[PDB]
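Report on one structure; see the data block that follows.
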Amino acid sequence: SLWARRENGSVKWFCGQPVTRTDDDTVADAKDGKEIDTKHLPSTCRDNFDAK
Amino acid sequence: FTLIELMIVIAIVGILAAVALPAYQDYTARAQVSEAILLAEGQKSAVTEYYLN
Numbered sequence: 114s115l116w117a118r119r120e121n122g123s124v125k126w127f128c129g130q131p132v133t134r135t136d137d138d139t140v141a142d143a144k145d146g147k148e149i150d151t152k153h154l155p156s157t158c159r160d161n162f163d164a165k
Numbered sequence: 008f009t010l011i012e013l014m015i016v017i018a019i020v021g022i023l024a025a026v027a028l029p030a031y032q033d034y035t036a037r038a039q040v041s042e043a044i045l046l047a048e049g050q051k052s053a054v055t056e057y058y059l060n
């Protein structure tokens, strides 16, 4: 998943394992078992649900 | 009285195997190690990328 965050006037994007959006400024691990394994993800797509 | 050609030639092939024994035994080991090396490599990729990233 790719998700963004309000920077206020702009946003910043993240890339990582599947996530769900909770509120307009918060997402969480779409923990379920179908996430692409960390070993297969680029160094640029290792973001965690709470990355800021 | 006679039969020594069969006796010596069976005993030269016997000693030939004994001389060919250590040659095949390090050529052999040296061959089994050359693979440990191939199995070790090809994993350089993962390690290299992990480090550079």
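Here the protein sequences line up with chains A and B, keeping their order.
Per UniProt numbering, residue 114 is the first one in the first sequence, and the count goes up by one each step.
Per UniProt numbering, residue 8 is the first one in the second sequence, and the count goes up by one each step.
Backbone N, C-alpha and C fix where the C-beta goes; we use that ideal spot for every residue, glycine too.
Assigned exposure category for residue i - 16 Cβ within 10 Å defines buried
i: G129 (chain A); result: buried
i: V54 (chain B); result: exposed
i: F127 (chain A); result: buried
i: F162 (chain A); result: buried
Which residues DSSP lists as bridging residue i, in chain order
i: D160 (chain A); result: A:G129
i: residue 117 (chain B); result: Here chain B covers residues 8 to 60 and nothing more, so residue 117 (chain B) does not appear.
i: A18 (chain B); result: Paired residue(s): none; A18 (chain B) is not in a bridge.
i: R118 (chain A); result: A:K125
Beta-carbon proximity of residue i to residue j, cut-off 8 Å
i: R119 (chain A); j: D137 (chain A); result: yes
i: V124 (chain A); j: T133 (chain A); result: no
i: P131 (chain A); j: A143 (chain A); result: yes
query: Which ranges would you report for the beta strand (DSSP E) in the region 124–156 of chain A if only whole runs of at least 3 residues count?
result: Listed in chain order, the complete beta strand (DSSP E) runs (minimum 3 residues) inside the region 124–156 of chain A are 124–128, 132–136 and 139–142.
- prompt: Which residues, in chain order, does the UniProt region "Disordered" (137–165) of chain A contribute to contact with chain B at a C-beta distance below 9 Å?
  reply: The UniProt region "Disordered" (137–165) of chain A vs chain B, Cβ under 9 Å: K152, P155, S156, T157 and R159.
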